[PDB]
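J.: Mind looking over this structure? Questions follow.
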There are 2 protein chains.
Amino acid sequence: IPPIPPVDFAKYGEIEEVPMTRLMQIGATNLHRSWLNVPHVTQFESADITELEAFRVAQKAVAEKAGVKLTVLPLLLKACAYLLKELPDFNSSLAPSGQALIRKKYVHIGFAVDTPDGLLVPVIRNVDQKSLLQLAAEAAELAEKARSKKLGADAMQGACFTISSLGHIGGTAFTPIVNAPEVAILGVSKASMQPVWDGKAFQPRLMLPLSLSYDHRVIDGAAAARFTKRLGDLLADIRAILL
Amino acid sequence: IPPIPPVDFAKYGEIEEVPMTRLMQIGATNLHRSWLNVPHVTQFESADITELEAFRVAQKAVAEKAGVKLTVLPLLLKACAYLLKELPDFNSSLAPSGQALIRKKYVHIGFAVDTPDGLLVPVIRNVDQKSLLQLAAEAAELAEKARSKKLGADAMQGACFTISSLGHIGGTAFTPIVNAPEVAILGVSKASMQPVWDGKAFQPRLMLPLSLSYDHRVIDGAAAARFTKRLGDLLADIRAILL
């Protein structure tokens with residue numbers, strides 16, 4: 001690939017060199033590998049979480065008695081494990097022969113944690129089998145160990161899908177990069193009150209923006225649109241997961 | 001126990017004798033055995049199923065595509081399996097020594113089916129592991145086999161709890177009899193729109209009457225009141241089962 005020409009940055013002013021942690025460097029390398037290997041498409045959708053939010057906030061009592069904080073992330077994780085079982089092409093990887101997909105029969109999901117040293121994506125195993133408070137507990141633990149560098153490499157392996165939530169900082173949407181060999185990643189941004197037409201007038205609903213980037217070699221456009229739609233449907237009523 | 005004195009019923013008019021099926025006779029014997037063995041108390045409660053009902057009716061599409069009918073019974077079964085795990089004294093039986101309880105670590109639940117020949121209580125095994133459409137399917141099958149006498153005795157054993165639903169016929173409440181050796185039975189009657197005080201005015205809510213009869217040797221009053229309360233809470237918001 002052509003290299004970027006070097007520039008004497010100091011011709012233009014004072015410069016200072018700060019170095020990259022080995023974590024940054026690793027991260028850099030892996031992102032570039034994915035970028036060049038995966039033809040990326042991002043599919044955007046908005047989900048109506050007005051009722052999810054109300055539920056979340058009402059279980060604050062129960063969550064506190066169990067020692068967890070109930071955030072949107074366990075809810076996101078549960079709904080995506082369910083969908084990853086329904087739409088198995090999203091829970092698979094392109095086999096090295098380029099002619100086969102390896103469908104995984106297990107659902108382990110990573111979530112992005114931004115730490116001082118760089119990005120870590122701890123993995124929760126068998127998300128499909130854990131309850132909302134189990135997942136809330138575990139997510140937090142893995143997050144604290146990640147910030148504290150106490151996260152052992154084991155816990156960073158064998159994920160099937162990644163959720164990257166920036167909803168806590170802000171933004172309308174973004175286009176995340178697929179962590180190959182996985183085939184998709186869900187970016188989640190800040191929720192806003194939006195007017196949503198009820199057939200007769202505009203009702204304020206709390207809308208969560210979802211950005212699903214996918215490996216277009218493995219997932220086609222219609223499959224991805226169907227995935228964010230189902231997910232919008234599941235978050236609008238999490239009871240459908242009970243069915 | 002003193003016998004009832006025989007009466008020449010024909011002194012008062014024309015009488016006709018019809019006989020009892022062996023099923024009726026079996027049933028009669030077992031009910032009398034429970035009645036004399038179990039000091040019975042019934043605890044009454046009403047649950048707000050307005051939102052459960054809305055969910056039920058909205059999933060009519062999905063249920064039809066799967067070939068099942070989604071009634072309140074799978075919803076009742078799921079919520080009681082969850083509670084039977086939370087409050088284990090209800091999932092147990094008095095040991096023959098009278099000095100021990102046998103806590104069952106499994107949740108199988110029977111439901112009453114009234115057939116021409118008498119009452120049958122088919123049992124669904126491991127209710128705690130099945131989904132609302134699995135349970136809707138299975139309930140129906142066992143019900144059809146029961147009406148058709150094709151229900152094999154195997155499927156009538158080892159239940160932990162019984163639900164008796166008369167909601168489809170009518171009534172406000174009733175006092176069911178415990179099927180010993182089980183320690184409790186949930187009677188469910190017809191749902192009505194009721195005014196429920198919201199703190200400022202009376203709101204119409206769809207209320208389902210619950211009548212829990214229990215073996216007072218094993219379950220005390222406070223435990224039973226706590227069970228129907230939790231159940232009223234779970235049916236008012238089935239998403240708490242996800243937690």
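Labeling convention for the structure tokens: chains A, B, ... as they appear, residues from 1 per chain, ligands from 1 in order of appearance.
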When the cut-off is 6 Å and we count only C-alpha atoms, which residues of chain A are near chain B, given as a PDB file with N, CA, C and O atoms, in the first residue's frame?
T.:
ATOM      1  N   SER A 131     -28.631 -13.682  33.300  1.00  0.00           N
ATOM      2  CA  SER A 131     -29.776 -12.848  33.517  1.00  0.00           C
ATOM      3  C   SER A 131     -29.284 -11.424  33.497  1.00  0.00           C
ATOM      4  O   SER A 131     -28.070 -11.176  33.618  1.00  0.00           O
ATOM      5  N   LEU A 132     -30.233 -10.493  33.483  1.00  0.00           N
ATOM      6  CA  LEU A 132     -29.871  -9.104  33.416  1.00  0.00           C
ATOM      7  C   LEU A 132     -29.034  -8.690  34.595  1.00  0.00           C
ATOM      8  O   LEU A 132     -28.090  -7.925  34.387  1.00  0.00           O
ATOM      9  N   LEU A 133     -29.257  -9.183  35.814  1.00  0.00           N
ATOM     10  CA  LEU A 133     -28.387  -8.759  36.914  1.00  0.00           C
ATOM     11  C   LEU A 133     -27.061  -9.509  36.926  1.00  0.00           C
ATOM     12  O   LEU A 133     -26.046  -8.962  37.378  1.00  0.00           O
ATOM     13  N   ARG A 239     -39.935  -8.033  26.407  1.00  0.00           N
ATOM     14  CA  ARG A 239     -40.729  -9.204  26.705  1.00  0.00           C
ATOM     15  C   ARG A 239     -40.784 -10.127  25.515  1.00  0.00           C
ATOM     16  O   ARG A 239     -41.111 -11.296  25.677  1.00  0.00           O
ATOM     17  N   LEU A 243     -40.420 -15.265  24.619  1.00  0.00           N
ATOM     18  CA  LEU A 243     -41.346 -15.972  23.774  1.00  0.00           C
ATOM     19  C   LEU A 243     -40.701 -17.243  23.224  1.00  0.00           C
ATOM     20  O   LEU A 243     -39.496 -17.237  23.000  1.00  0.00           O
TER      21      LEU A 243
END
J.: I'd like the neighbourhood of residue 219 in chain B as a VMD selection string, where a residue qualifies if any of its atoms comes within 10 Å (using only C-alpha atoms), though same-chain residues fewer than 2 positions away should be ignored.
T.: chain B and resid 41 89 to 90 183 to 184 214 to 217 221 to 224
J.: Take the residues from that selection and write them out as a PDB file, in the first residue's frame, keeping N, CA and C atoms.
T.:
ATOM      1  N   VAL B  41     -55.793 -23.353  53.917  1.00  0.00           N
ATOM      2  CA  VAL B  41     -56.078 -21.919  54.000  1.00  0.00           C
ATOM      3  C   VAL B  41     -56.037 -21.418  52.571  1.00  0.00           C
ATOM      4  N   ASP B  89     -39.976 -23.164  49.695  1.00  0.00           N
ATOM      5  CA  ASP B  89     -40.866 -23.929  50.545  1.00  0.00           C
ATOM      6  C   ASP B  89     -42.130 -24.299  49.805  1.00  0.00           C
ATOM      7  N   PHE B  90     -42.485 -23.570  48.743  1.00  0.00           N
ATOM      8  CA  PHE B  90     -43.653 -23.882  47.945  1.00  0.00           C
ATOM      9  C   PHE B  90     -43.363 -24.982  46.954  1.00  0.00           C
ATOM     10  N   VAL B 183     -47.873 -28.942  48.117  1.00  0.00           N
ATOM     11  CA  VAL B 183     -48.178 -28.140  49.267  1.00  0.00           C
ATOM     12  C   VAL B 183     -48.999 -26.890  48.962  1.00  0.00           C
ATOM     13  N   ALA B 184     -49.267 -26.603  47.680  1.00  0.00           N
ATOM     14  CA  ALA B 184     -50.048 -25.441  47.250  1.00  0.00           C
ATOM     15  C   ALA B 184     -50.688 -25.625  45.870  1.00  0.00           C
ATOM     16  N   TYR B 214     -53.175 -23.413  50.482  1.00  0.00           N
ATOM     17  CA  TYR B 214     -51.914 -24.029  50.828  1.00  0.00           C
ATOM     18  C   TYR B 214     -52.027 -24.905  52.031  1.00  0.00           C
ATOM     19  N   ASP B 215     -51.018 -25.740  52.184  1.00  0.00           N
ATOM     20  CA  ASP B 215     -50.944 -26.659  53.289  1.00  0.00           C
ATOM     21  C   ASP B 215     -50.355 -25.859  54.427  1.00  0.00           C
ATOM     22  N   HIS B 216     -51.198 -25.507  55.385  1.00  0.00           N
ATOM     23  CA  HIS B 216     -50.752 -24.640  56.449  1.00  0.00           C
ATOM     24  C   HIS B 216     -49.750 -25.271  57.403  1.00  0.00           C
ATOM     25  N   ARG B 217     -49.527 -26.580  57.335  1.00  0.00           N
ATOM     26  CA  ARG B 217     -48.490 -27.242  58.135  1.00  0.00           C
ATOM     27  C   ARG B 217     -47.086 -26.891  57.675  1.00  0.00           C
ATOM     28  N   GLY B 221     -48.998 -18.178  57.067  1.00  0.00           N
ATOM     29  CA  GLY B 221     -49.728 -17.092  56.472  1.00  0.00           C
ATOM     30  C   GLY B 221     -48.872 -16.055  55.798  1.00  0.00           C
ATOM     31  N   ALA B 222     -47.833 -15.593  56.467  1.00  0.00           N
ATOM     32  CA  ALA B 222     -46.993 -14.585  55.847  1.00  0.00           C
ATOM     33  C   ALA B 222     -46.285 -15.033  54.587  1.00  0.00           C
ATOM     34  N   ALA B 223     -45.861 -16.293  54.532  1.00  0.00           N
ATOM     35  CA  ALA B 223     -45.194 -16.814  53.349  1.00  0.00           C
ATOM     36  C   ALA B 223     -46.153 -16.838  52.171  1.00  0.00           C
ATOM     37  N   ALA B 224     -47.381 -17.283  52.414  1.00  0.00           N
ATOM     38  CA  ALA B 224     -48.367 -17.319  51.351  1.00  0.00           C
ATOM     39  C   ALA B 224     -48.749 -15.932  50.860  1.00  0.00           C
TER      40      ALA B 224
END
J.: Fewer than 5 positions away in the same chain doesn't count, so skip those; otherwise give me all residues within 6 Å of residue 187 in chain A, counting only C-alpha atoms, as an MDAnalysis selection string.
T.: chainID A and resid 163:165 210:211
J.: Using N, CA, C and O atoms, can you export the residues from the last selection as a CSV table (one decimal), in the first residue's frame?
T.:
chain,number,residue,atom,x,y,z
A,163,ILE,N,-20.1,-4.9,21.2
A,163,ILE,CA,-21.0,-3.7,21.4
A,163,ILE,C,-20.0,-2.6,21.7
A,163,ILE,O,-19.2,-2.8,22.6
A,164,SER,N,-20.2,-1.4,21.2
A,164,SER,CA,-19.3,-0.3,21.5
A,164,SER,C,-20.3,0.8,21.9
A,164,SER,O,-21.0,1.3,21.1
A,165,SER,N,-20.4,1.1,23.2
A,165,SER,CA,-21.4,2.1,23.6
A,165,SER,C,-20.7,3.4,23.9
A,165,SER,O,-19.9,3.5,24.9
A,210,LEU,N,-28.6,3.4,16.8
A,210,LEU,CA,-27.8,2.1,16.7
A,210,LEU,C,-27.0,2.2,15.4
A,210,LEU,O,-27.6,2.6,14.4
A,211,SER,N,-25.8,1.8,15.3
A,211,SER,CA,-25.0,1.9,14.1
A,211,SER,C,-24.4,0.5,14.0
A,211,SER,O,-23.5,0.2,14.8
J.: Looking only at the backbone, which of the residues in range 6-203 of chain B does DSSP tag as helix (DSSP H, G or I), as a ChimeraX atom specification?
T.: /B:9-11,22-37,50-58,60-66,72-86,88-91,127-129,132-147,153-156
J.: Which polymer residues have any atom within 12 Å of an atom of residue 147 in chain A, counting only C-alpha atoms, with same-chain residues fewer than 4 positions away left out, as an mmCIF file with C-alpha atoms, in the first residue's frame?
T.:
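Result went into result-v1.cif, see below:
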data_model
loop_
_atom_site.group_PDB
_atom_site.id
_atom_site.type_symbol
_atom_site.label_atom_id
_atom_site.label_comp_id
_atom_site.auth_asym_id
_atom_site.auth_seq_id
_atom_site.Cartn_x
_atom_site.Cartn_y
_atom_site.Cartn_z
ATOM 1 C CA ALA A 112 -15.433 -1.901 24.432
ATOM 2 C CA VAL A 113 -13.834 -0.270 27.442
ATOM 3 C CA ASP A 114 -11.680 2.792 26.897
ATOM 4 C CA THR A 115 -8.875 2.781 29.425
ATOM 5 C CA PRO A 116 -5.841 5.143 29.861
ATOM 6 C CA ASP A 117 -3.613 2.729 28.141
ATOM 7 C CA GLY A 118 -5.819 2.091 25.147
ATOM 8 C CA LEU A 119 -8.887 0.121 24.215
ATOM 9 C CA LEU A 120 -9.691 -3.261 25.733
ATOM 10 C CA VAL A 121 -12.647 -5.419 24.761
ATOM 11 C CA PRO A 122 -13.420 -7.773 27.655
ATOM 12 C CA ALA A 140 -18.805 -4.011 35.762
ATOM 13 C CA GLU A 141 -16.205 -6.401 37.133
ATOM 14 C CA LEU A 142 -14.571 -6.916 33.758
ATOM 15 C CA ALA A 143 -14.670 -3.152 33.270
ATOM 16 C CA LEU A 151 -7.688 -8.191 33.047
ATOM 17 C CA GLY A 152 -6.022 -11.427 31.982
#
J.: Per DSSP on the backbone, filter range 2-125 of chain B down to the residues in strand (DSSP E or B) and report them as a VMD selection string.
T.: chain B and resid 40 to 48 92 to 94 101 to 103 109 to 111 113 to 115 118 to 120 123 to 124
